[PDB]
Amino acid sequence: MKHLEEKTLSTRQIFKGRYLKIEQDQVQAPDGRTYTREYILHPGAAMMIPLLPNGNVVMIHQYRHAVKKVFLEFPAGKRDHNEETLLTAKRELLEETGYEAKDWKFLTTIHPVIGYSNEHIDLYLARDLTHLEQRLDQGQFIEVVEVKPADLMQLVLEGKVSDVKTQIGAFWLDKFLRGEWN
Amino acid sequence: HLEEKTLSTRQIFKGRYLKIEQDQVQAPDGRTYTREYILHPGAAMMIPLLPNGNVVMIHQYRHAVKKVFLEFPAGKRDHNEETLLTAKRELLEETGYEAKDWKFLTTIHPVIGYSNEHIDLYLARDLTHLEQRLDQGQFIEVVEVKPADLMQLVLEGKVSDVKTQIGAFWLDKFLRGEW
Ligand SMILES: OC[C@H]1O[C@H](O)[C@H](O)[C@@H](O)[C@@H]1O
Ligand SMILES: OC[C@H]1O[C@H](O)[C@H](O)[C@@H](O)[C@@H]1O
């Protein structure tokens with residue numbers, strides 16, 4: 001699909017807020033003309049599906065101000081210092097929920113904002129869990145819950161798992177639990 | 001008791017396409033924090049199902065990630081119109097199709113950490129093939145895809161666009177008679 005590609009002619013960081021950094025590019029498109037492209041520069045991230053011995057998954061409730069609501073999510077966070085995302089996933093599982101896992105499996109990489117961010121999220125399945133203690137940052141507010149996967153799938157259908165990364169996790173888990181994808 | 005209360009708001013950035021809101025909020029610890037996110041108008045995406053059982057999809061280059069994606073057609077809400085209007089227009093502009101049977105599936109939030117974007121996903125059936133009407137700067141190829149092939153592509157990591165991957169999973173549930 002080389003005939004669809006756009007070639008970068010110029011780049012600049014047009015804005016840096018408290019948290020968000022925006023790149024503004026000029027690109028040459030397949031018509032040979034020049035167009036502006038704008039996107040957030042994001043470090044990447046990891047999310048995991050932590051599957052307990054009893055078959056439930058460990059999830060969280062977290063308020064997200066950008067949408068003004070509380071979401072049911074799988075634990076996740078941003079990639080720090082360009083680390084391997086497996087390290088990101090281990091740290092975030094520990095900090096957000098207090099769990100460690102003996103068995104980690106990479107599932108897939110998703111891109112949640114292809115129109116305006118370079119963000120990718122690596123999704124992992126975590127098994128053989130043991131509990132320790134949740135360790136939250138100042139400014140981080142998280143309630144931990146156990147969810148039955150059948151109940152999760154019904155919530156997806158009902159529109160109650162609108163967070164894309166978590167919904168995608170639910171569908172990958174469903175495939176895994178049914179023995180279709182493993 | 002997780003809800004954060006807005007103390008102030010301002011639009012700190014407006015570029016060619018992106019707008020950033022910055023709020024001061026009071027959190028459950030009673031302390032003040034900054035929250036920063038993209039102001040997005042919302043969007044629709046749709047899954048156009050053909051009588052031969054294939055779905056209409058697109059290939060589109062996405063500069064933010066520097067690759068070509070397989071996507072279901074989509075676009076941004078214009079002038080706070082109903083997202084079904086958005087879906088009808090974008091299906092016609094991006095793919096050249098019209099549909100007489102539309103069904104809302106679900107609403108997703110692709111960027112809960114830093115955008116208020118929502119995308120409403122629809123299933124479209126009973127299709128007529130007219131022609132694309134692309135905007136300047138828009139480059140899209142239309143392809144026809146077998147759902148079984150799509151699901152294998154998802155497994156292989158070749159449908160990394162969250163909205164399209166989600167559409168694939170919903171379609172799989174619909175086709176399997178489960179939902
Ligand atoms: O899952 C996302 C959460 O973790 C990430 O590290 C980010 O800092 C922010 O978006 C939120 O705190
Ligand atoms: O699907 C997304 C596409 O459509 C939307 O209307 C936006 O303008 C932009 O992200 C892209 O051109």
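Please treat every number below as a calculation from the coordinates, not as lab data. When we count neighbours, we look across all protein chains shown, and the Cβ atoms used for this are built from the backbone with ideal geometry, even at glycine.
Things worth noting here:
- Of all residues making up the range A:78-107, the number that are at positive phi and either within 11 Å of ligand 1 (Cβ to nearest atom) or in a strand (DSSP E or B) (or both): 0
- Among the numbered conditions (1) over 16 Å from B:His63 (Cα atoms); (2) charged (D, E, K, R); (3) within 16 Å of ligand 2 (Cβ to nearest atom), the only one that A:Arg18 does not meet is (3).
- Residue within the range A:122-140 that is surrounded by 17 or more Cβ atoms within 10 Å (Cβ to Cβ), without any contact (Cβ under 8 Å) to a residue 24 or more places away in the chain, part of a loop (DSSP other than H, G, I, E, B) and facing chain B (nearest Cβ under 9 Å) present: no
- Options A:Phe74, A:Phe106: the member that is under 30 Å from A:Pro149 (Cβ atoms), touching a residue at least 40 places away in the same chain (Cβ under 8 Å) and among the aromatic types (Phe, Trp, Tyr): A:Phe74
- Checking B:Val25 against (1) in contact (Cβ under 8 Å) with a residue 40 or more places away in the chain; (2) of a type in the set (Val, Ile, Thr); (3) within 16 Å of ligand 1 (Cβ to nearest atom), the condition it does not meet: (1)
- Residue list for the range B:63-93, filter: more than 25 Å from A:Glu158 (Cα to Cα), in contact with a helix residue (DSSP H, G or I) (Cβ under 8 Å, 6 or more places away or on another chain) and either within 9 Å of chain A (Cβ to nearest Cβ) or surrounded by fewer than 21 Cβ atoms within 10 Å (Cβ to Cβ) (or both): B:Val68, B:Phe69, B:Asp78
Quick grid of which residues meet (1) away from chain A (no Cβ under 14 Å); (2) within 30 Å of B:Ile12 (Cβ to Cβ):
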{"residue": "B:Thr95", "(1), (2)": "yes, no"}
{"residue": "B:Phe104", "(1), (2)": "no, no"}
{"residue": "B:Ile108", "(1), (2)": "no, yes"}
{"residue": "B:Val111", "(1), (2)": "no, yes"}
{"residue": "B:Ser115", "(1), (2)": "no, yes"}
{"residue": "B:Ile119", "(1), (2)": "no, yes"}
{"residue": "B:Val142", "(1), (2)": "no, no"}
{"residue": "B:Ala168", "(1), (2)": "no, no"}
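- The range B:57-71, residues that are assigned to a strand (DSSP E or B) and basic (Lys, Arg): B:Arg62, B:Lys67
- Only a single item in (1) surrounded by fewer than 21 Cβ atoms within 10 Å (Cβ to Cβ); (2) hydrophobic (A, V, I, L, M, F, W, C); (3) part of a loop (DSSP other than H, G, I, E, B) is not met by B:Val111, and it is number (1).
- Sole exception among (1) closer than 19 Å to B:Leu121 by Cβ; (2) within 8 Å of another protein chain (Cβ to nearest Cβ); (3) in contact with a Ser or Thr (Cβ under 9 Å, 6 or more places away or on another chain); (4) of a type outside the set (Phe, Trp, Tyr) for B:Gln60, by number: (3)
- Considering residues of the range B:21-56 that are within 16 Å of ligand 2 (Cβ to nearest atom) and in a strand (DSSP E or B) only, the residue nearest to the other protein chains (Cβ to nearest Cβ): B:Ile38
- Residue within the range A:7-19 that is facing another protein chain (nearest Cβ under 10 Å) and either of a type in the set (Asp, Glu) or within 17 Å of A:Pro112 (Cα to Cα) (or both) present: no
- For the range A:141-182, the candidate set comprises residues that are in a helix (DSSP H, G or I), small (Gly, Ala, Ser) and in contact with a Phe, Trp or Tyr (Cβ under 9 Å, 6 or more places away or on another chain); within that set, the residue that is surrounded by the most Cβ atoms within 10 Å (Cβ to Cβ) is A:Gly169.
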